[PDB]
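Chains as they are written, first to last, in the entry's author numbering: chain C, 337 to 504; chain F, 1 to 168; chain H, 1 to 504; chain Y, 1 to 168. All C-beta atoms, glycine included, are put in the ideal place defined by N, C-alpha and C.
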Amino acid sequence: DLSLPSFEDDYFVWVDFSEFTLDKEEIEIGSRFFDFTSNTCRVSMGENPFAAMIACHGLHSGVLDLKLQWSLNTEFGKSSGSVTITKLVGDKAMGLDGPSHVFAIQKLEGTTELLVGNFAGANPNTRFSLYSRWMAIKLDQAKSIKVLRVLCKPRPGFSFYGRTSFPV
Amino acid sequence: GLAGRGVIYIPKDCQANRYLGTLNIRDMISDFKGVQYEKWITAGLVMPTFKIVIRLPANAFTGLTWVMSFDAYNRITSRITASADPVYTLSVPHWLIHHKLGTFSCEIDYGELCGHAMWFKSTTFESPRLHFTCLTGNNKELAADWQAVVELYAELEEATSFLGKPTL
Amino acid sequence: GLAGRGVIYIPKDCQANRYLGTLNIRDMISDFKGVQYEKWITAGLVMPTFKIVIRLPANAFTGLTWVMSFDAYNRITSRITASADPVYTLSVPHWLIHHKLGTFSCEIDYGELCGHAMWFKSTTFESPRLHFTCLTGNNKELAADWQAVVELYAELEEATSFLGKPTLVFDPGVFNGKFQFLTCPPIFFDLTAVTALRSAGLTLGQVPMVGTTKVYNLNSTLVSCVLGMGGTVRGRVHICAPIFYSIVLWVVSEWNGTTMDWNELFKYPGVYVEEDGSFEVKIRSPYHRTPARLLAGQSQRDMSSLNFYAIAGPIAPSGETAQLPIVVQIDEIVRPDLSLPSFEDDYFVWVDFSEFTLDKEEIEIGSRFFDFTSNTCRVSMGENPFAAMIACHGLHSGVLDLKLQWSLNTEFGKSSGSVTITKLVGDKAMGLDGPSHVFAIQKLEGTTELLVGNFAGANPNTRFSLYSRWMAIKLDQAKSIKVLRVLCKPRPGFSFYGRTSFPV
Amino acid sequence: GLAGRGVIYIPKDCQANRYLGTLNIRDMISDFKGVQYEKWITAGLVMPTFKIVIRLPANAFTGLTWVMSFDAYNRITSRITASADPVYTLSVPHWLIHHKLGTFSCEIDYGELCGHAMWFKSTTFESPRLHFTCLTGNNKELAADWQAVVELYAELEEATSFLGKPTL
């Protein structure tokens with residue numbers, strides 16, 4: 337006799353960025369779904385079953401749809417700049433240019449896809465270096481942002497390999 | 001056929017939560033070296049179905065129960081080598097080994113339980129381990145220290161793909 | 001019938017990389033002049049199927065191998081006339097001419113390999129050339145200078161259309177795994193060595209280089225359309241030496257370095273090569289695939305390579321000194337294990353404009369897809385497979401959907417003006433007004449279509465002037481813009497004509 | 001499959017009667033070690049049918065002809081190491097290797113040519129050798145020293161009897 341599922345087929349919180357100390361901020365994502373750290377701003381990670389499933393398998397692979405939302409710290413009339421999504425294939429140094437995307441800060445939201453995977457076919461739950469698509473979020477007026485929230489919604493067929501555990 | 005082997009050393013006073021040792025699956029096969037090991041070098045990649053056999057003198061007078069834990073991604077190793085809490089040892093795929101039943105056997109479809117194929121020359125992600133811990137201790141110490149033998153049986157053939165079928 | 005002819009002069013000491021000469025295909029036909037030349041004048045336009053024949057005294061005692069390179073768009077000429085690196089000569093459609101086989105022949109469907117029809121009175125785009133270069137040299141000089149004769153056979157008839165059938169149609173998700181004209185520069189073995197190794201990298205998306213010059217070509221461009229590949233390499237090996245030279249090779253694939261143990265080496269799945277022939281070798285890798293391109297600080301040897309081990313020889317009689325060359329051709333990846341396509345059916349970056357110095361800025365696009373330059377602002381061009389495909393064909397044609405995005409440099413509340421898209425038919429001076437479009441700067445984004453083409457049907461990859469639709473971006477408050485980004489997404493059926501290369 | 005291998009060194013001036021080297025058949029298999037070598041350890045005794053392959057660049061411009069002599073009982077080794085009289089090299093089972101024909105191959109039914117089965121751990125009677133000698137020399141020296149590769153192919157299976165069938 338089961339209850340409702342706790343989550344619906346919807347977005348959930350991946351990460352909130354807040355309390356920016358520098359106007360120039362660049363968050364590298366690459367091809368991973370993982371926990372962020374920053375010396376220049378406050379990272380607040382989401383906790384949900386998807387994140388746990390990532391942590392409880394040796395390998396995973398799939399596509400995440402992202403929704404970015406943000407509110408302003410300064411007056412709207414004074415606002416300038418952008419949330420920019422850099423999309424490459426390769427790396428920052430030698431990569432090819434994909435569907436990079438400039439959201440004027442006044443849009444206050446934006447969407448993008450993220451490939452979680454690589455040429456080999458799957459990601460370990462650690463840092464690794466394997467040729468793949470590469471993503472980054474670039475803020476140029478970060479101090480004007482009170483919060484940048486990133487939600488994700490896995491596309492059907494997001495796959496996990498080799499059940500295991502994760503002590504923290 | 002027999003692909004690799006190893007030895008676990010049991011102390012005469014085997015208490016609950018005693019760490020007994022870790023076998024490295026790839027080392028078992030390479031140290032043996034091995035009709036199967038040599039087939040492996042030619043295949044390059046293997047996605048074995050192992051039969052694991054633990055040889056073990058059956059005894060109904062001890063109360064001893066052990067746990068073999070399959071840790072393909074080396075996630076609990078660091079935390080059990082002083083003392084193996086059951087919460088760690090049961091958090092990954094595992095099997096109960098009852099002393100009253102003697103010699104123990106099980107199947108590991110490396111395609112499911114692990115998910116990635118093994119490369120003959122080096123560990124790809126992390127090195128797959130078998131941990132042996134004591135779940136319930138002996139009612140009184142035994143006469144002397146002893147050992148059990150762990151054996152890997154497999155017919156290694158070349159793997160067609162890097163990835164297994166997703167567990168989830 | 002015989003349509004035209006020409007002569008290539010070979011020197012007595014034909015060293016590898018020697019430039020032998022260039023024949024101009026249209027001049028061969030017009031200087032001959034020519035029952036076929038006269039039929040041509042009446043036709044106006046011709047789309048010939050040529051049989052090219054090179055007459056050439058067969059000889060098994062030299063080791064000479066030449067390359068005929070079909071350069072319909074005059075892309076490698078400048079860079080080969082002093083000396084001909086094989087990276088240039090093999091970057092366009094080409095044929096190996098082995099001296100042991102004597103007289104050589106091949107077909108050139110000008111409709112495919114070139115794409116546009118030939119006008120009797122003058123060159124339309126660029127003048128089509130045949131280059132003759134020496135790939136592997138003679139083992140010792142010959143007795144004297146000599147010559148070979150080049151002949152064009154064709155039955156010219158009037159061409160019905162200007163354009164051929166497209167060699168390639170843009171699709172991100174489509175790289176079969178089959179190649180044409182993929183020839184590796186020669187690999188050399190010294191005879192002063194009892195054994196030896198020569199590696200060939202299998203990271204095929206890497207752009208080949210000659211010094212500091214990048215040589216963009218269709219094959220590497222195709223491979224870059226994928227993240228990586230596994231499977232079996234099917235190819236052909238040519239042993240380019242005199243009959244009195246001989247060698248035995250163990251050919252096998254290895255990952256990240258090579259084993260130092262001869263016994264381990266022979267437990268791998270390789271093949272033996274004693275002579276000219278085809279081969280299949282499995283791409284060997286921990287992931288079953290090797291990546292299509294390298295990341296920073298990576299080397300091609302760090303991945304999967306095709307390794308050529310000389311296990312017996314080479315040997316030759318004394319006192320020969322020449323190295324023994326091996327020329328490898330890769331035909332396809334059979335039983336392919338491909339990665340995801342590197343790009344999806346999505347937009348990609350064409351150009352970013354930034355750092356505007358003047359408030360009035362006008363960017364002319366017209367009907368071309370190309371590299372921008374500005375004295376008044378910063379242009380940052382995108383690099384992707386589509387742009388390479390544009391650069392690796394003589395002609396292209398299609399429609400691009402554009403997305404424009406921009407962010408503000410000044411305060412939003414102070415903003416004024418617009419990003420205006422001017423759309424004409426003709427030119428700025430005498431044109432007709434199409435779907436021109438005014439985006440108030442506060443929209444912060446806009447969309448439009450761009451026709452890449454013209455009344456004739458296709459664009460060359462150079463500047464040209466042919467009546468077509470005409471587009472321009474007009475900024476009136478450009479200093480208020482921190483960046484203007486232009487993304488494009490080719491509509492299905494974007495077509496490319498005549499595979500070639502592009503050195504920069 | 002490939003069971004063992006070895007290398008013969010040819011001098012640039014390869015004169016008639018020149019001794020080129022001896023390969024020890026059991027050492028070829030054990031140094032390689034060897035899917036077949038490992039099958040051998042389990043069988044204990046083997047009565048192989050070998051395919052011997054000598055890899056060798058074909059050349060019609062030398063006049064070189066070599067002799068491979070199968071000396072299973074080590075009878076001529078002593079008398080051929082400084083110089084190899086054809087009377088010795090041809091007095092045991094042997095094969096002519098013509099340089100014009102390139103890569104050479106033959107079958108050795110160890111049951112006939114030898115007569116006793118091979119024991120994995122040590123030589124039983126004497127240690128079986130292949131001798132490589134030059135029968136007719138090159139017309140003029142070649143450009144440089146070179147080598148040829150000798151390969152043993154076999155599918156080793158357990159021998160049922162110690163003795164073969166009698167040659168005579």
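Practice item. Classify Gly398/C as buried or exposed, calling it buried when 16 or more other Cβ atoms lie within 10 Å of its own Cβ. Key: buried
Practice item. Could you say which of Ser468/H, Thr62/H, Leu395/H lies nearest to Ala16/H if we only look at CA atoms? Key: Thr62/H
Check your understanding: Is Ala84/H closer than 9 Å to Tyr19/H when the C-beta atoms are compared?
Key -> yes
Check your understanding: Under the rule that 16 or more other beta-carbon atoms within 10 Å means buried, what is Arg289/H, buried or exposed?
Key -> buried
Point to revise | Rounded C-alpha distance that separates residue 508/H from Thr123/H | key: The requested residue 508/H is not part of the displayed model; chain H covers only 1 to 504.
Review point. Which same chain residues, not among the five before or five after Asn409/C, have their C-beta less than 7 Å away from its C-beta?
Key: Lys479, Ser480, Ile481, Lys482
Check your understanding: Which of helix, strand or coil does DSSP assign to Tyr309/H?
Key -> strand
Exercise for review: Within 10 angstroms of the Cβ of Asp71/H, are there 16 or more other Cβ atoms? Answer buried if so, exposed if not.
Suggested key: buried
Exercise for review: Using only alpha-carbon positions, find the residue among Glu38/F, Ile25/F, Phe50/F, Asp27/F that is nearest to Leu2/Y.
Suggested key: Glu38/F
Check your understanding: Any C-beta of chain C sitting closer than 9 Å to the C-beta of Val67/F?
Key -> no
Check your understanding: Going straight from the alpha carbon of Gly111/Y to that of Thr49/Y, what length do you get?
Key -> 8 Å
Exercise for review: Please work out which residues of its chain come closer than 8 Å, Cβ to Cβ, to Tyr347/C, disregarding the five sequence neighbours upstream and downstream, and give them in chain order.
Suggested key: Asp401, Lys403, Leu487, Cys488, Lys489
Check your understanding: Mind checking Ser339/H: buried by the 16 CB within 10 Å criterion, or exposed?
Key -> buried
Exercise for review: Over the uninterrupted alpha helix (DSSP H) stretch that includes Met389/H, give me the two end residues.
Suggested key: 385 to 391
Point to revise | Distance between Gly231/H and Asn454/H (C-alpha atoms, nearest Å) | key: 42 Å
Check your understanding: Looking only at C-alpha atoms, which of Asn59/F, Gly4/F, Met47/F sits nearest to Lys33/F?
Key -> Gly4/F
Check your understanding: Along chain H, in chain order, which residues have C-beta atoms closer than 8 Å to that of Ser161/F?
Key -> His288, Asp337
Point to revise | Sequence-distant residues of its chain with Cβ nearer than 7 Å to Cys14/F (five each side left out) | key: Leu64, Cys134, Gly137, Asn138
Exercise for review: Going by CA-CA distance only, name the one from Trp350/C, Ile441/C, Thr462/C, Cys377/C that's closest to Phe412/H.
Suggested key: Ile441/C
Exercise for review: Inspect the CB distances between the region 378 to 398 of chain H and the region 420 to 440 of chain H and report whether three or more fall short of 8 Å.
Suggested key: no
Check your understanding: Residues in its own chain within less than 7 Å of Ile80/F by CB, not counting five upstream and five downstream?
Key -> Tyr19, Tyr88, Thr89, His131, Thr133
Practice item. Following the continuous beta strand (DSSP E) through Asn454/H, name the residue where it begins and the one where it ends. Key: First-last for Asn454/H: undefined, no H or E at that position.
Review point. Considering only residues of the region 102 to 153 of chain H, which uninterrupted beta strand (DSSP E) runs meet the minimum length of 3 residues and lie entirely inside it, listed in chain order?
Key: 104 to 109, 129 to 136, 146 to 153
Practice item. Taking 9 Å as the cut-off, decide whether the C-beta atoms of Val169/H and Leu56/H are in contact. Key: no
Check your understanding: What are the residues that DSSP puts in a beta bridge with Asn24/H?
Key -> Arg129/H
Exercise for review: Apply the 10 Å Cβ neighbour rule to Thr167/F and answer buried if 16 or more other Cβ atoms are within range, or exposed otherwise.
Suggested key: buried
Exercise for review: With DSSP collapsed to three states, give me the class of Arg79/Y.
Suggested key: helix
Point to revise | Three-state class that DSSP yields for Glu155/F in the structure shown | key: coil
Point to revise | Chain-ordered neighbours of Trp119/F on chain H, where CB pairs are closer than 7 Å | key: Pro286
Review point. What residues match up with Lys489/C in a beta bridge as DSSP calls it?
Key: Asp401/C
Check your understanding: Any chance the region 241 to 253 of chain H sits against the region 303 to 312 of chain H, with 3 or more Cβ pairs inside 8 Å?
Key -> yes
Check your understanding: Does any residue of chain Y bring its CB to less than 9 Å from the CB of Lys51/F?
Key -> no
**Study point:** Cβ pair count under 8 Å reaching 3, the region 171 to 191 of chain H against the region 321 to 328 of chain H
**Key:** yes
Review point. Is DSSP giving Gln323/H helix, strand or coil here?
Key: coil
**Study point:** Cβ-Cβ distance between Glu155/F and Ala43/F below 9 Å
**Key:** no
Check your understanding: Among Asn24/F, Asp27/F, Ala82/F, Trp66/F, which residue has its Cα nearest to the Cα of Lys100/F?
Key -> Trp66/F
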